[PDB]
Number of protein chains: 2
Amino acid sequence: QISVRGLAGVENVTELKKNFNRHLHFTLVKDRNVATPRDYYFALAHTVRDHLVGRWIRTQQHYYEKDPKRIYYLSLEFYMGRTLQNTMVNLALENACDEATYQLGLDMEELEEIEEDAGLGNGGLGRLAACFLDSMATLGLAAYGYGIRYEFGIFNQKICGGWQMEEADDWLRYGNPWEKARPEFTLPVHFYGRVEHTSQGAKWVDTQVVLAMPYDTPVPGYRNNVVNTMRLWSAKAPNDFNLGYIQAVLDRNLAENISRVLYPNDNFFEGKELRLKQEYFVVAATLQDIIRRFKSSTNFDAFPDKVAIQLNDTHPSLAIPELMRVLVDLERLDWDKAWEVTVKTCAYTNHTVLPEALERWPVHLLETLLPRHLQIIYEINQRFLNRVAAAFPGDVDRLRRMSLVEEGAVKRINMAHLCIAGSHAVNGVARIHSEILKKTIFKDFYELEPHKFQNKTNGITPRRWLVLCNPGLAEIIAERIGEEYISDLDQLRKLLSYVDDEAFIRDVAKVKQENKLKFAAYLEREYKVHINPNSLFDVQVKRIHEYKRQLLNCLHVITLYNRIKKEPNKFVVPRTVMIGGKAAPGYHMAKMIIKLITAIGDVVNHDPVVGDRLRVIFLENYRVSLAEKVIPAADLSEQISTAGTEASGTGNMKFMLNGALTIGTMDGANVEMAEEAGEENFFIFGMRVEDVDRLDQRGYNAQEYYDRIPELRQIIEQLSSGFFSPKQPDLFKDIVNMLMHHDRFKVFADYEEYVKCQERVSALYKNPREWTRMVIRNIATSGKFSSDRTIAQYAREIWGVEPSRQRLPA
Amino acid sequence: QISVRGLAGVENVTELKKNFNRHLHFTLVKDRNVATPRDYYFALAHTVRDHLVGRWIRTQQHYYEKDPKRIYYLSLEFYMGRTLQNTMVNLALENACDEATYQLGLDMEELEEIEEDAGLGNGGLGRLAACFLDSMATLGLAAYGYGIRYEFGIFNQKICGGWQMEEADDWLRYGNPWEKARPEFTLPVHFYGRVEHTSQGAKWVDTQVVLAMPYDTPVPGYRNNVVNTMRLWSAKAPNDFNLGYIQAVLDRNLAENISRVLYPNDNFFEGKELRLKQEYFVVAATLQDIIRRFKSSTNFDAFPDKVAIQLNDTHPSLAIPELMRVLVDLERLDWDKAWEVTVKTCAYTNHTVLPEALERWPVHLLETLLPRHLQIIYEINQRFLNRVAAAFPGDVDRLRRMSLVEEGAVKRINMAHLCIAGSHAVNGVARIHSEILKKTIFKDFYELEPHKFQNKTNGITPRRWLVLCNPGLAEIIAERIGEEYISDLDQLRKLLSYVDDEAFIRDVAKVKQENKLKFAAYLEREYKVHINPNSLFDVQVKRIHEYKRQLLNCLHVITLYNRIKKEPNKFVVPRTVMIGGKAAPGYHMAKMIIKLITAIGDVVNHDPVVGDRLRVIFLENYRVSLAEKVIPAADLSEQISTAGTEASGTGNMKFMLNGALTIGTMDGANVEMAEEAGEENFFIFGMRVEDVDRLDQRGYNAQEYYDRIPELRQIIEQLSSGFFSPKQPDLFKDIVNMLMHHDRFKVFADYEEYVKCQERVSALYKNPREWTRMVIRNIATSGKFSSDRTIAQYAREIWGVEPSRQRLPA
Ligand SMILES: OC[C@H]1O[C@@H](NC(=S)N/N=C/c2ccccc2O)[C@H](O)[C@@H](O)[C@@H]1O
Ligand SMILES: OC[C@H]1O[C@@H](NC(=S)N/N=C/c2ccccc2O)[C@H](O)[C@@H](O)[C@@H]1O
Ligand SMILES: OC[C@H]1O[C@@H](NC(=S)N/N=C/c2ccccc2O)[C@H](O)[C@@H](O)[C@@H]1O
Ligand SMILES: OC[C@H]1O[C@@H](NC(=S)N/N=C/c2ccccc2O)[C@H](O)[C@@H](O)[C@@H]1O
């Protein structure tokens, strides 16, 4: 049908059809008379998967013969989404499979909906790891993602009575066709025990053993014939574990609980032993696998020339003391040489400045679980602090601030300090975030070792986030500028010469309307809700958190409702306001915010005077597969975090790429987006970082705003009095209380500018032609935010490797 | 190589080879350079499995179109062993695959050893279910085996310091290529809750739900193109189960523990709640599946014409009250009609008379777990006892003996009484066992309903137990009488005309020596032990239990040792005494018996004066795959249970089929074996059932034997004084104590006759020609003990269906 989806040649179509039937018969043991819709999905997944194997075997053989420097991307999260469509896109199979299945009497789109998301992450950090994997493959890098094969990923969210309910995401229930178990690489991981000192070295003894069994998932590059590996460890008890008899077998569950479930904390930090175990487990298994591959290529001097380990936040920070442990205790290297190797091998990416999120592990936990690692951390700290003391003599408070060991009620280890000390590179994830790291939270470390500190602005993969989810837009772009932009996104700049093009303007507006109709349909079928597809689609999708200020969005929505009720017969630009996202199950305020959104909807959506002019919808179960549907449909992207709180954001980049305009604060990557697109082509409002600082110095008094803005006073009074909860008048008292007395994120301080800026959004939407020209200017300058650019910078500036866009032989 | 293994045609060999490579590449993602031995096994299993699918799909389609009466064999145990070789044998593929793999540079025998046994049973009961499945398929019966997919089967046994240690049998660790998950047939099973009464019927409410997910395994008939299904249920939590959050997800393990592990109790009875849950779980899921298939063929009158349910012991006895529950509570049939249907549908096979083995479930357990089932059982019992009371007026003690409800300290339900009341047929498993049922433990029931009581003498499948494990013997037989005996084992009678045949005698003796050399080699490699292959192979393999009298065998062994030590320079027929079997982990006396065997070995095997004349070996980890190796190697089969205690035995039949002579008591099937072969061709010794009864009446005094047999006195004194345990002089005091004061199984009473009979065994072995002629006479009359005969009798006399030996179209 459409060109960017590849060729549907007679040979290939014929061959896909017979392989589909072969799998339906031999693999699924069905015929066309008893086959379920899921059998059909599985037949298709096996047919497509077959096309990966040759390239996968030769890619890995190629790395063995050429022996390049290997990149190990360590993460506790890989938010992959679905694999079927992505595989077809990157193998250029999509049109062929569409034709093959159509001829077999099946709708491929329907089969695609059967696949479960691999929901092995929470949000931006997990999704970033997935985009990175795609880019590393596309750029021909010898890269491996290492993580944990969770049995349960991020919970499925159900909304019951306007409240979030959690249900287990049993994503492996029917089997995962995209994984290959690698039992030959099963590795022991040790826990507890004690440290013994002998004549020559310390020994870690009397440990409990859990086995790590790896499962390999392919990661195809975009049409370059490269297939890299994502290797995820699963926990297994050894066979003599606890070996009255029945209980011993049942107790195997305890050991295997390590890989059972993803922690859904979102940003913040729970010092739970099981989380610590997960962090060590991925680190210990991965490092043994790395060393084994390195020896199979004594001379650890060359280790950093053949290995890079990227630490995705502090979650895998134990790689630093674990590498030291293996080098010093097992390989018998001296400390200083081992340390040299470690620092040159490891690099650290920070993904937050929110203090409550930072990992600070109690000493007593590490003492019991990982006694030798604690001793190594203490030694690291002593040597580091001697370095600080020599550089800044007499500065006693710097010593205590920079310590890896934090003093107090309970002693803790600051894992972020551990990461900086033991890494050759530390990066933030957007220019303003990286500046904040040097200027504030890691200021002392920057002064000691300025050469360590870098920026690597985040990006998204244009494969999943344009070609896959928005083929209609990819196509109209490909019609004018060709197809090479899909792996060289800067080429979108060529679209600037079409901003006055009458044919192109009409096409961009058409694609959007088409996407909006499709999504208005999806809302009807799967959720039985009515929406006007001619309204402005105003969307805020992301995890629920106070700093992201879904609350500020709620305030705007209520303002519009009150304005309509005041002057019912005045024209307003119709809006469909869509807010979606999961709340961490232990996060009370976020759960209350969800309830507020649904309660606003209940009032707004059933007011006869409002009509089709304003609708408020909570998008249930926001996840990667839902993002692929809602983002292409959006007109307005809400990116309204308090300046200084969103490290980068990546949802922002996805909306920009897909033809939505952005209303946002100068925070995270928004700054660089407005910089690329021009400020005139962005709806910027609110306090900058400096204004937030100024207000913090004075003291933030929310009352002042309440006293001076009558429209805001009415909203707070409506909330307090039970306007949005008639049967539970005080339901939202926690919300009013926080906004009035304990708002860390200054919701009221940005309210006036936000509403004003939103009026300007409405003004522009009234003129379709000028709205669309500004959209073209956004799409056209979105090239910088390709994760291909991001990865090329990591490779050249951190890992010391050259990316290649050259094909491997097919 | 050998003819019974089928043809190795050029086309088939070529095709198997390319399918092997195709699977190695596409399925296992390997090439010949990185493939592990296990990859090769899996490639071969996928290649062979492919040949099942056509026949499997058409068999099941055939049952749908012809709609025959379906047989449901319900068992908590299916002791399957390995599947690869059995599949090749029954598909006539064995020689072709041997050639294909040889040409690929691989030894098939080596690949076969990689496969894990499906160890989903304990012993004879579990193995019987497996032989039955094979025969039902071979006989063209529309049969389904239903059970539980245990995550862990029977424990692997390790011997440490002569003591049994248990290790978890994680048989699914690498995936099972022989199962197909059937998620579309996932069914809810209910637990706990309470019973409510409404205007029209009782309702079972407030239950906890566990899901039952079925996995289908093919069961191929012998070269008839029939492939039947074994369907095993797996336990899965529903997704909202327990849904702080982390704990709720981890707690899913509790629900799923139902299908986690096989109870290894062996014969006896532990009233453990988890076992009760397993019993209901298999029953509830299976019955819903049966009814669903029946409706898809309101009119439950025809239910018994289209369904037979065979209850394999009392383990699935809850099928009776569960069927009533569905019929009365859900389908709204009246009691009497529902009961009619139930009785005509269900039949019961008893597999024991040992009182401690009988299931008697405490009322309070059923009350909490299955409240509606308890009410149904009470009602069944009331109606049954009214029947008893009308038939035997005034007989008040008969009423209490026949009650399903047993009175006492704790009230219990006698499940065996439940089974007889609600079944149209009750059978024992050998003629003497079935007689004992009518005469003693079920005497009252026999008097009330004599027409219910039947015999179905056990059998074994000549496919696994001759063709597969002993191809050399199958071949020399096929050379003289053709191949048709493999599915019509009575044809072995034709071998009687070869008993004087000089060529045949030499061949039978050759095959045996070959099997003994092979097994003497296996012992060397895998266990580094030395044995003389020219010695008599004296083997007792079976679970360890006092009634099986491994102890009597031990006494004989010590007698031989003492006789050699007394007269070192006298000739004795050399023996290798092999004893193997697992002990139930909670069975102390059985664990002590194992230690005794190893301790005897330690003394005997290292005595310079003994030499190669006597060796005592404990065969570790006896299981189906080890049986296939040891049985063909055996010369003497030890079947020495106290008369009246072994219901049938089946190991006895396997040894007879494979050219060993039998020394045994007139117990279980031994009686019918000696009857078939002639008593002159069997080494019969010891008390008959009547002699045991006579002794019980008088009082068994072990002292009398000790006082009158000097050779026995010496043994007991050696045991007591620490001759067999120098560092732990009193180690075996529990054993001496039991034999002297508390022996239920009268070991001393059979000692003299046993030793005498054993001397006669040695006498015959000294004359190879006459030993072998007696062997031919055993093989020649073993036809009755084919499970094809057994199943044909179940079908005609219980299920009301005609077996067919006709081929389905290929
Ligand atoms: O089908 C369900 C099962 O599939 C197996 N995968 C196999 S046997 N081969 N996979 C081959 C493969 C081939 C190309 C790309 C990805 C792949 O997983 C997996 O090892 C197993 O965990 C999973 O449950
Ligand atoms: O760089 C990619 C993205 O990283 C996110 N940080 C996240 S999602 N941190 N998550 C931390 C976390 C910590 C413990 C448990 C679950 C979690 O998601 C940042 O908030 C976002 O600005 C940035 O665009
Ligand atoms: O390979 C490992 C996996 O294999 C799957 N089986 C599939 S996808 N097909 N099986 C087809 C089949 C075909 C003929 C005979 C027996 C069979 O299981 C099983 O459903 C799964 O539980 C298992 O872990
Ligand atoms: O009919 C087949 C065989 O059945 C066996 N009975 C067994 S193996 N009962 N097992 C009962 C049992 C009961 C609870 C838990 C585990 C168990 O193996 C009989 O002992 C044997 O004589 C007969 O040949």
Side-chain angles (χ1 to χ4, degrees), chain A residues 26-29 42 46 76-77 121-129 174-175 177 262-270 275 312-313 315 349-352 354 357 359 428-430 433 458 543 545 547-548 584 641 645-652 667-669, chain B residues 27 42 46 49-53 56 76-77 87 121-129 172 174-182 215-218 227 262-270 275 312-313 315 349-352 354 357 359 428-430 433 458 543 545 547-548 584 641 645-652 667-669:
Chain A
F26 294 101
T27 307
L28 296 154
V29 198
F42 275 122
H46 275 80
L76 261 82
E77 295 191 21
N122 283 282
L125 173 151
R127 175 14 80 171
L128 187 78
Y174 308 122
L262 165 77
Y263 275 82
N265 293 295
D266 208 335
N267 274 235
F268 38 88
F269 177 71
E270 216 178 358
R275 174 65 169 195
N312 195 17
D313 213 82
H315 313 151
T349 304
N350 171 274
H351 298 267
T352 192
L354 278 201
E359 293 189 292
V429 291
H433 171 53
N458 278 169
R543 290 289 290 253
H545 196 299
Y547 88 85
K548 286 169 191 295
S641 60
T645 65
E646 192 74 82
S648 172
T650 52
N652 50 186
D667 195 21
Chain B
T27 307
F42 275 122
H46 275 80
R49 158 227 275 205
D50 277 341
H51 293 266
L52 285 165
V53 318
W56 202 8
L76 261 82
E77 295 191 21
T87 304
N122 283 282
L125 173 151
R127 175 14 80 171
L128 187 78
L172 297 161
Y174 308 122
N176 180 11
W178 305 111
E179 61 183 24
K180 178 69 195 76
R182 289 214 161 242
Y215 290 75
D216 283 355
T217 293
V227 178
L262 165 77
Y263 275 82
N265 293 295
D266 208 335
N267 274 235
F268 38 88
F269 177 71
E270 216 178 358
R275 174 65 169 195
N312 195 17
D313 213 82
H315 313 151
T349 304
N350 171 274
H351 298 267
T352 192
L354 278 201
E359 293 189 292
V429 291
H433 171 53
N458 278 169
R543 290 289 290 253
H545 196 299
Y547 88 85
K548 286 169 191 295
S641 60
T645 65
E646 192 74 82
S648 172
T650 52
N652 50 186
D667 195 21

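Both counts, for ligands and for their atoms, begin at 1 and track the order of listing. Residue numbering restarts at 1 for every chain, and letters A, B, ... go by the order of the sequence lines. What you see below is based on every heavy atom in this structure, not just the backbone, and it leaves out hydrogens, waters and symmetry mates.
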With heavy atoms and a 4.0 Å threshold, my read on which part of B:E77 contacts ligand 4 is side chain
Does A:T650 offer a backbone N or O that forms a donor-acceptor pair with the side chain of A:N458 under 3.5 Å? no
I'd like to check the side chain to side chain contact (heavy atoms under 4.5 Å, CB included) partners of A:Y263; sequence neighbours left out, ordered by chain and number. A:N265, A:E270, A:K272, A:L274, A:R275, A:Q278, B:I246
Residue list, side chain to side chain donor-acceptor pair (under 3.5 Å) with B:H315, at least two apart or on another chain: none
Shell of residues surrounding ligand 3, defined by a 4.0 angstrom heavy-atom cut-off that is strict: A:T27, A:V29, B:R49, B:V53, B:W56, B:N176, B:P177, B:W178, B:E179, B:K180, B:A181, B:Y215, B:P218
Please tell me whether B:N122 and B:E77 have a donor and an acceptor in their side chains that are separated by less than 3.5 angstrom. yes
Do any nitrogen or oxygen atoms of A:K548 come within less than 3.5 Å of a nitrogen or oxygen of ligand 2? no
Which one holds for B:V429 and ligand 4: side chain close, backbone close, both close, or neither close, with close meaning a heavy atom under 4.0 Å? side chain
List for me each residue that meets side chain to side chain donor-acceptor pair (under 3.5 Å) alongside A:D266, sequence neighbours excluded, and say none if there are none. A:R543
Which segment of A:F269 sits under 4.0 Å of ligand 2 when only heavy atoms are counted: neither
Report the part of B:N267 (side chain from C-beta onward, or backbone N, CA, C, O) that has a heavy atom under 4.0 Å from ligand 4; answer both or neither where that applies. both
Taking non-hydrogen atoms only, is B:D313 closer than 4.0 angstrom to ligand 4 via side chain, backbone, both or neither? neither
Atoms of ligand 4 under 4.0 Å from any heavy atom of B:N265, numbered from 1 in the order shown, are 15 (C)
